[PDB]
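Only one chain is shown below, in C-alpha cells, and it's the form deposited without ligand URP.
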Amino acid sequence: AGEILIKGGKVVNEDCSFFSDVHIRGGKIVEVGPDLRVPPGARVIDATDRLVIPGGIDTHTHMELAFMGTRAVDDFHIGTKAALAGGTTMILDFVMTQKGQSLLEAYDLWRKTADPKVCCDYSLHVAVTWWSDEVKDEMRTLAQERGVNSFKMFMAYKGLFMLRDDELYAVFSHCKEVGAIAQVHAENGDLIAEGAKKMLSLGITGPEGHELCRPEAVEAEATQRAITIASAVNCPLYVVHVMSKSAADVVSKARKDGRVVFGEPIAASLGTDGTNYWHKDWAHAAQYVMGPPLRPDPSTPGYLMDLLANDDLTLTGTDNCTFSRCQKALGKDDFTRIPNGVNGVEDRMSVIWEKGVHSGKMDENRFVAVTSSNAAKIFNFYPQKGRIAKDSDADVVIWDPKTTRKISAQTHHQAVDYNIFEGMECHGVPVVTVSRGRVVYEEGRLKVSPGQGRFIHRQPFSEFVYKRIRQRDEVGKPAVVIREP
C-alpha cells in the first residue's frame, strides 16, 4: 500500500547487476529504470551506495514448532520480524504432520497459527510422516488446491517421522504424480538410534555424544540412498540442511550425473561448525545441537560455501528451530533430550554475504540466486519473488555490502537468548527492508504488524523442477527387446 521510489542504488538480480531506480506501487514493483520521477506523495528510499536486491527467501523454518517435549521460542510473529530485520522477506515453514494425523488437518492448523501472526510472506511445505490411501489423497489435494508443491520425508526419527525405503519409493512416486518436489531429511535413522544408545552407554551424555552418534557418513549414506530411490522413480528430490562435506559431495556427484536433485545447506552449516559440541561449557555446546549435527571438521563451512558458489549446492535456508538456554538445559544429563535446533533466520543474509561474497567465493548475483531466486524457482513463484523486475512483488532489501555488523544475541531480534554466530563480524547489512511494498525495517527499527504477511499459494509442476523430468518420461521409458516369439 502506498508508493515508494528506491533511488540511486544498484539493482542486483541473479543474472546481472545494473544501476536503476525501482518504483513500487501497491505491493508491486511497477517500474525499474534509471532516473525515475518521484510521483507526488511517494516516499524516496535513498539507495546511493547500496545494492537493491530481492528480499531473502528462507526455504527452511520451523517457527513455534512443538518438538522434543517443548516448543520453539521463535514463533511466527517474532520469527518473521527477525527475518525482516535480517533482510529476509519470506519464510517457508514445515507443517510437521504427526504420524497417523491428517495432512489436511496439520496444514489447516499451521495456516490458522501463522496467518494472523506472520509479518512477512510465507508458504508451507507438508511433511509426509506416514503412508496410506488417505495420505495419498491428501497430498493431491494439498498440491492442487492448497498451494503446496513440496512434501518432506524423513529417513531419521525412527518411531516418530521415519519412513522405510519401500515407503519412500511409494511416496516419491506419488510426489512425481502430483507435480511436487520430494524433500528429504537424509540421515540413517537406524544408525542414529543405535549410535545414541551406544554413546549413552559409554557415559558420553554431552553434546559431543550427539555428533559422535551420527557422524557425517550417516548423513552421506541416507543422502545417496534418497537420490537413488528418487532416481528410480524419476521424482525430483530436494535434500534439506546439508551439513557435511561428504553429503554435499553426494549431491554434487548426483547432479553432475544428471540426477534431478537440489541440495540446501543452511546458515548454520555455512557459518559455523561442530567443534562447538566439544566446548568445555555445556550450555554453549548444547546451543549448536540440531539434526543432522554440525561437523567437527573445520573445513566444512568453507567447503559447503564453495559448493554453493559452484551450484553443487543450489540455495539456502536456516532450519530455524530455536530453543532457549533453559529449554536446551532439558538434556543436561542426556544429549538425546536436548531439543534439536539452532537459530539463523535473522542472520542468514549477512552470514552468507560475509562467508560467501566478501570472501571472494561467489559474486553478488550468485548471492541473490542462493538466497532468493532459486527458492522461488524451485517452489514455483519466480519471478513473482526473487527478482527486481516490473510486476514482481515488492519484497526488496537495500543492502550495504561494505559496512559490517557484529552478530550478537544482545542485539538480535530473535526470541532465543543466544546466537550460534555470536560475535561474528559480517560485511553486508540490510539497511532497509520492504515487504509487500511497505517499509517494514529501517534505521534499525521494525515497523510491521502480525498478520501483515500473506500465505503464498503455489501451483505444482514447477518448470525449473519438472521440465527435464517430463522430457525423460517421454524419451527415457525402458523398452522391451523384440524377440522371435
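Don't overthink the numbering: it's just position in the shown sequence, from 1.
Using only C-alpha atoms and the B-factors in the entry, which stretch averages higher, 228-236 or 190-198?
Per the PDB entry, the higher value belongs to 190-198.
Using only C-alpha atoms and the B-factors in the entry, which stretch averages higher, 54-62 or 434-442?
434-442 has the higher mean C-alpha B-factor.
In the PDB entry, which of 302, 86, 344, 331 has its C-alpha at the highest B-factor?
If I rank 302, 86, 344, 331 by C-alpha B-factor, first place goes to 331.
By the entry's C-alpha temperature factors, tell me which of 386, 159, 265, 360 sits highest.
159 has the highest C-alpha B-factor of those listed.
Would you check the entry's CA temperature factor for residue 37 and let me know if it's in the chain's lowest, middle or highest third?
Answer is highest: the recorded C-alpha B-factor places it there.
Based on the entry's values, in what third of the chain does the Cα temperature factor of residue 458 lie: lowest, middle or highest?
Bottom third by C-alpha B-factor.
Is residue 215 in the lowest, middle or highest third of its chain when residues are ranked by C-alpha B-factor?
For residue 215, whose C-alpha B-factor we compare with every modelled residue in the chain, the answer is the middle third.
Looking at the C-alpha B-factor of residue 355, is it in the lowest, middle or highest third of its chain?
Its C-alpha B-factor belongs to the middle third of this chain's values.
Ranking the modelled residues of this chain by C-alpha B-factor as given in the entry, is residue 169 in the lowest, middle or highest third?
Middle third - that is where residue 169 ends up once the chain's C-alpha B-factors are sorted.
Unshown form solved in complex with ligand URP; subsequent notes refer to it.
Out of the stretches listed (106-114, 284-292, 362-370, 396-404), which one is close to ligand URP in the deposited bound form, meaning heavy atoms within 4.5 Å?
The contacting stretch here is 284-292.
Is there any non-hydrogen atom of residue 341 lying within 4.5 Å of ligand URP in the deposited bound form?
Contact check for residue 341: yes, within 4.5 Å of ligand URP in the deposited bound form.
Would you classify residue 176 as touching ligand URP in the deposited bound form, given a 4.5 Å non-hydrogen atom cut-off?
Because no heavy atom of residue 176 falls inside 4.5 Å of ligand URP in the deposited bound form, the answer is no.
Wondering, does residue 455 line up within 4.5 Å of ligand URP in the deposited bound form on heavy atoms?
No.
I'd like to know whether residue 387 contacts ligand URP in the deposited bound form, with contact meaning heavy atoms within 4.5 angstroms.
Output for residue 387 is no: heavy atoms all beyond 4.5 Å of ligand URP.
Could you work out which of 321, 237, 251, 84 is the residue within 4.5 angstroms of ligand URP in the deposited bound form, going by heavy atoms?
If I apply the 4.5 Å criterion carefully, the residue I get is 321.
Quick check on this chain: which one of 146, 413, 241, 255 has a heavy atom within 4.5 Å of ligand URP in the deposited bound form?
Flagged contact: 241.
Scan 123-153 and note down the residues that get a heavy atom within 4.5 Å of ligand URP in the deposited bound form; none is a fine answer too.
Heavy-atom contacts to ligand URP in the deposited bound form: only 152.
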